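A.B. asks: Compute the structure for the input listed below.
(chains A and B, ligands or ions: 2)
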Protein chains: 2
Amino acid sequence: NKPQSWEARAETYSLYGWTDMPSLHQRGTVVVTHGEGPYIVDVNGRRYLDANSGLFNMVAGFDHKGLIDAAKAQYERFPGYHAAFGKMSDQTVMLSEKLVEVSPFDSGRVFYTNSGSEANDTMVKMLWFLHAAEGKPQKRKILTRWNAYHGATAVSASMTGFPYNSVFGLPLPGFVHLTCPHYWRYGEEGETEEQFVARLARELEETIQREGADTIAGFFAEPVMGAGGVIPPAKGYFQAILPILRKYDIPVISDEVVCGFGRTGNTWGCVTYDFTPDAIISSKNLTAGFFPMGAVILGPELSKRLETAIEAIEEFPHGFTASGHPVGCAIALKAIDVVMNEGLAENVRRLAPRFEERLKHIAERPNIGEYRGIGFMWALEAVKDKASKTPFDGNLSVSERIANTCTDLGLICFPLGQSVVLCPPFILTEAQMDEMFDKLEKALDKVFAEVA
Amino acid sequence: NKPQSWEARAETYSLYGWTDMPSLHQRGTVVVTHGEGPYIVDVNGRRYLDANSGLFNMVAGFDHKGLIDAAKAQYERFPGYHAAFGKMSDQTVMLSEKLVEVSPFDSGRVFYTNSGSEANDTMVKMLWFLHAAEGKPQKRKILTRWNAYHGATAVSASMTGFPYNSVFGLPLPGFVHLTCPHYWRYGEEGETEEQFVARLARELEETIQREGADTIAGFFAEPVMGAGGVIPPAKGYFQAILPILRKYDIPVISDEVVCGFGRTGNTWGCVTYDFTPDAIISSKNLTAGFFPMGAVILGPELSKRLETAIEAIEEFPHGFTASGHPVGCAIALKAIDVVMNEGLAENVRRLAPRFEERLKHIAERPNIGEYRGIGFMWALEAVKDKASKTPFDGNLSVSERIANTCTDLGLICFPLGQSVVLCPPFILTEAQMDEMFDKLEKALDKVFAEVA
Ligand code: NA
Ligand code: NA
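C.D. replies: Numbering: from 1, shown residues only, chains lettered A, B, ... in the order given. Ligands and ions are numbered 1, 2, ... in the order given. Structure as follows:
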């Protein structure tokens, strides 16, 4: 008794991750064979505009010729190696040099992983290693924010600030979640945005005092929270929090897995938000989704401190088999060049006003609580009643209903909580942006007619 | 002040992993540009026989035309996508079907990752998730062995059984390490191999009784410990320990990252050691080193149990951006076919007797305590005195000296503790095997003459 169809074969042998099981059993798996620009095509020849760039990562679309050619050229040249035991590829050396150049740091060091989750798990281990070598082995606690998304390893999931991780008995101890700087949701009745920011700065100081400054290893922040629902921080957030972190000597890590390489309208989200971190975590767009790469980019201060610590023990006992893979490195070098120098990053800057203008129009609807975002990352929040910010009952699954209707209309978008997220490829044309909105608006009309 | 040479550029921008820093500063980074069969070629045009397959993974060598062509063919077809939110590529469905087929399981499910570390971290989360869903949230402890290597995330590093992880303040609580089944090292004076295995089985039962079976989530084992120094278990080990684990309702996981796809002389190390695990962890050879892929392959029992638990919460909140990437799946499908059907796994079986006969002759030297291994994974243990099994002082760095001397002779091998490991590509000919040993023997003569 064996499955025949693509859908039945997918259900027979897969253990689905991040998949709504009632929707999958009703609809079946979407099995994808190829793409063209920002579109994907399934086994039945149905085409969909992927307004999420797959998982925010396919910024140059699904059939980019330059990137396809660069990947093919490296398989022909040198198809695989590692970057451990004093060896690495020429591609690895070139990418480390390029990443330091394009980072906001004047100098630094790069460590590779396959994923953003491994890179955050790596940065945590690096802090534990460094602080212990410096005589502060108790400096282990990691500060992140509620609604932050840092990954899926036990450590990077512990950094992630969502109730869903309770199914794993996570977070592990030592992982502290601060208030999410989403003013619309977390600002209290009668609390101004200025007071909200002052409260988060106070809450951080109280946390450092109650935990003990000598017990805190680092602070990680996505400049704009991505997978958490596209959450630009409340005005003045970083200007209020960063001096508190610097005062208590707590390293600042910018998780640039989503914001890195152009989505916020600048090469880095930390540049958009005008702050210089001690380290950067990069993945996703790093290869435009063509290869699994992650990177820890260490600024001058942490590089020098880790270098001293590594020299004293004579080795850094950490790494992954494919870290610094020559194919991944050649692909990243091309992705960086394509985004920065072939007009993709500029296109996000060019089209962001038109993107916001349309969302502002959509937000006039009685069932849209707000629109939020920047550059090419945006979200629309659904509400039952606007004035009170009352959401629809969780059992109505409004966001999944919108995303499913979108799929039926030939549009892929990302549902999260009571929100619908749009993070389309940087190659999106004005006509394709209109197509994305026309389909989304049709889906919103359908769903809200059913639930309101 | 900018670096000029490849070696200087590597040192300026890299944060080195698994690299002995005193040797790196003395020798410089070996910067690799391409390879040919089992050989790698550096920027200076020097060629080395890589008798470690890179990091055990490059079993088809460094320029395999079939694999290069399969990689190129998939980049032209569909160069990137994910396997989340009820979508995946046709290549993902084909690979999951193929992996269940080639696994020792009659049926099951596959979950993808990029690495073996993420796959072990994933299996641990799956166990915590499952046991809590089945009414036992206290069922969280993970059993591994001393000298085991399971990866580099904080959790897979806690599963790993090496003192070097103390630099990170690891292992985390709940990671229990059993005696390594290395008879030569851990066997007591006057203890026979049968008594040694009986003792290991008694220690396991006492550990279970003292920890409480209701608190133990699972047991992981590499059939042959690979990165830990090539350690085949003492005779009858799995036959003694598995009934105990089965009696106490402790899931058995075979870490097949190194043993999967041919290195022990069978498709799986669990086949070579005649046991059926509840799940398999695969990575490394899965793609012959051409793309970062990891996989959790769940047997019928855990597949059914996890599906029931996931259905109750409607969504399994876990996954990685590149999990089930179409390119990695197309490459894995080719790598499995190349290894199983193009004579590579058979070449391991063909040449394993000749491999062992030469190691047996080398082990006659007074400074070789033992040779150990199976198929295409072997190790030589260095000793100051054979009769008393006394090693050379740690400060002499004997294994490192042999490895460095091998590099100077055009041979790459793997040093670990007091041992030197050989894990060559499956494409190795008899002449290349002879070249491997001729170079190793000269390195052994040089090091032992200076040190003994
Ligand atoms: Na720079
Ligand atoms: Na099978």
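A.B. asks: And the residue nearest the centre of chain A, how far from residue B:86?
C.D. replies: When chain A is reduced to its mean C-alpha position, the nearest residue by C-alpha atoms, centre = their mean turns out to be residue A:258, at 3.3 Å. Residue A:258 sits at a distance of 21 Å from residue B:86 (criterion: C-beta to C-beta, to the nearest Å). All C-beta spots, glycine's among them, are computed from the backbone N, C-alpha and C.
A.B. asks: which residues does the closest residue in space to residue A:73 that isn't next to it in sequence contact?
C.D. replies: Spatial nearest neighbour of residue A:73, chain neighbours left out: residue A:330 (7.2 Å); criterion: C-beta to C-beta, 6 or more residues apart in numbering or on different chains. Contacts for residue A:330 were tallied using C-beta atoms under 8 Å, 6 or more residues apart in numbering or on different chains; they are A:70-71, A:73-74, A:77, A:91.
A.B. asks: can I assume the residue nearest to the centre of chain A is in contact with residue A:221?
C.D. replies: No: with the criterion set as C-beta atoms under 8 Å, residue A:258 and residue A:221 do not qualify as a contacting pair; they are 11.9 Å apart.
A.B. asks: Going by residue numbers, what spans are helices in the stretch 1-150 of chain A?
C.D. replies: Under the criterion DSSP state H, counting those that start in this stretch, helices of the stretch 1-150 of chain A are mapped to A:6-13, A:21-27, A:65-77, A:90-102, A:116-133.
A.B. asks: would you turn these into a markdown table with distance to residue A:280 and mean neighbour count?
C.D. replies: Listed next are the helices of the stretch 1-150 of chain A as a markdown table, based on distance: least, C-beta to C-beta, whole Å; neighbours: other C-beta atoms under 10 Å in any protein chain shown:
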| stretch | distance to residue A:280 | mean neighbour count |
| --- | --- | --- |
| helix A:6-13 | 36 | 20 |
| helix A:21-27 | 36 | 15 |
| helix A:65-77 | 22 | 19 |
| helix A:90-102 | 9 | 22 |
| helix A:116-133 | 9 | 27 |
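A.B. asks: give me the residue from the stretch 251-400 of chain A nearest ligand 2.
C.D. replies: Relative to ligand 2, the nearest point of the stretch 251-400 of chain A is residue A:321 (24.9 Å; C-beta to the ion).
A.B. asks: if I look at the closest residue to that residue other than its chain neighbours, how far off is ligand 2?
C.D. replies: Computed as C-beta to C-beta, 6+ apart, the closest residue to residue A:321 that is not its neighbour in sequence is residue B:55, at 4.9 Å. Relative to ligand 2, residue B:55 is positioned 27 Å away (C-beta to the ion, to the nearest Å).
A.B. asks: Show the contacting residues for residue B:55.
C.D. replies: By C-beta under 8 Å, 6+ apart, residue B:55 lies in contact with A:82, A:84, A:321, B:284, B:289.
A.B. asks: Apply 7 Å and report the result again.
C.D. replies: With contacts taken as C-beta atoms under 7 Å, 6 or more residues apart in numbering or on different chains, residue B:55 has the following neighbours: A:82, A:84, A:321.
A.B. asks: can you check residue A:410 too?
C.D. replies: Contacts here follow C-beta under 7 Å, 6+ apart; on that basis residue A:410 touches A:47-49, A:439.
A.B. asks: change it to 10 Å
C.D. replies: Contact criterion C-beta atoms under 10 Å, 6 or more residues apart in numbering or on different chains gives A:39, A:46-49, A:435, A:439 as the residues in contact with residue A:410.
A.B. asks: Of all the helices of the stretch 1-150 of chain A, which one is nearest ligand 2?
C.D. replies: Nearest of the helices of the stretch 1-150 of chain A to ligand 2, taken as C-beta to the ion: helix A:6-13 at 10.7 Å.
A.B. asks: Counting by contacts, list what the closest one packs against.
C.D. replies: Packing partners of helix A:6-13 (3 or more C-beta pairs under 10 Å, 6 or more residues apart in numbering or on different chains; DSSP states H and E): helix A:21-27, strand A:30-36, strand B:87-89, helix B:90-102, strand B:109-113.
A.B. asks: Double-check that residue A:432 belongs to a helix.
C.D. replies: Yes: when the secondary structure is assigned by DSSP: H, G, I helix; E, B strand; the rest coil, residue A:432 falls within a helix.
A.B. asks: hang on, it packs against residue A:37?
C.D. replies: Yes: taking contacts as C-beta atoms under 10 Å, residue A:432 lies within contact range of residue A:37: 7.7 Å.
A.B. asks: what is in contact with these two at once?
C.D. replies: Counting by C-beta under 10 Å, 6+ apart, the contacts common to residue A:432 and residue A:37 are A:49, A:425.
A.B. asks: quick revisit: would you mind putting the helices and strands packed on helix A:6-13 into TSV with distance to residue A:60 alongside?
C.D. replies: Conversion of these to TSV gives the following (distance: least, C-beta to C-beta, whole Å):
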stretch	distance to residue A:60
helix A:21-27	29
strand A:30-36	11
strand B:87-89	18
helix B:90-102	20
strand B:109-113	23
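A.B. asks: May I see those organised as CSV, with distance to ligand 2 added?
C.D. replies: CSV is the format used below for these (distance: least, C-beta to the ion, whole Å):
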stretch, distance to ligand 2
helix A:21-27, 24
strand A:30-36, 22
strand B:87-89, 21
helix B:90-102, 5
strand B:109-113, 11
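A.B. asks: Which one of the ones you listed lies nearest to residue B:20?
C.D. replies: Using C-beta to C-beta as the measure, strand B:109-113 is the one of the helices and strands packed on helix A:6-13 that comes nearest residue B:20, at 28.7 Å.
A.B. asks: same for that closest one, what does it pack against?
C.D. replies: With 3+ C-beta pairs under 10 Å, 6+ apart as the test, strand B:109-113 has helix A:6-13, helix B:90-102, helix B:116-133, strand B:279-282, strand B:294-298, helix B:300-313, helix B:326-341 packed against it.
A.B. asks: Out of those, flag the one nearest residue B:409.
C.D. replies: Ranking these by distance to residue B:409, with C-beta to C-beta as the measure, places helix B:326-341 first at 29.1 Å.
A.B. asks: what's the angle from the closest one to helix B:65-77?
C.D. replies: Between the direction of helix B:326-341 and that of helix B:65-77, the angle (axes from the mean of the first three to the mean of the last three C-alpha atoms, to 10 degrees) works out to 160 degrees.
A.B. asks: Check which residues of helix B:326-341 are buried.
C.D. replies: Judged by neighbour count using 16 or more other C-beta atoms under 10 Å in any protein chain shown, the buried positions of helix B:326-341 are B:326-336, B:338-339.
A.B. asks: For residue A:66, which non-adjacent residue is spatially closest?
C.D. replies: Computed as C-beta to C-beta, 6+ apart, the closest residue to residue A:66 that is not its neighbour in sequence is residue A:338, at 5.9 Å.
A.B. asks: whoops, residue A:324 was the one
C.D. replies: Counting by C-beta to C-beta, 6+ apart, the residue nearest residue A:324 is residue A:83, at 2.7 Å.
A.B. asks: got the contact list for the nearest residue to residue A:222 once chain neighbours are set aside?
C.D. replies: Nearest-residue entry for residue A:222: residue A:255, 4.7 Å, with adjacent residues in sequence omitted and distances by C-beta to C-beta, 6+ apart. Residue A:255 makes contact with A:116, A:119-120, A:123, A:144, A:148-151, A:156, A:159, A:220-223, A:225-226, A:269-270, A:277, A:279-283, according to C-beta under 10 Å, 6+ apart.
A.B. asks: same thing but at 8 Å, please
C.D. replies: Taking C-beta under 8 Å, 6+ apart as the contact definition, residue A:255 lies against A:116, A:120, A:148, A:150, A:220-222, A:281.
A.B. asks: That one and residue A:269: what is the separation?
C.D. replies: Separation of residue A:255 from residue A:269 (C-beta to C-beta): 9 Å.
A.B. asks: For the two, list the residues in contact with both.
C.D. replies: Contact with both residue A:255 and residue A:269 is made by residues residue A:222, according to C-beta under 8 Å, 6+ apart.
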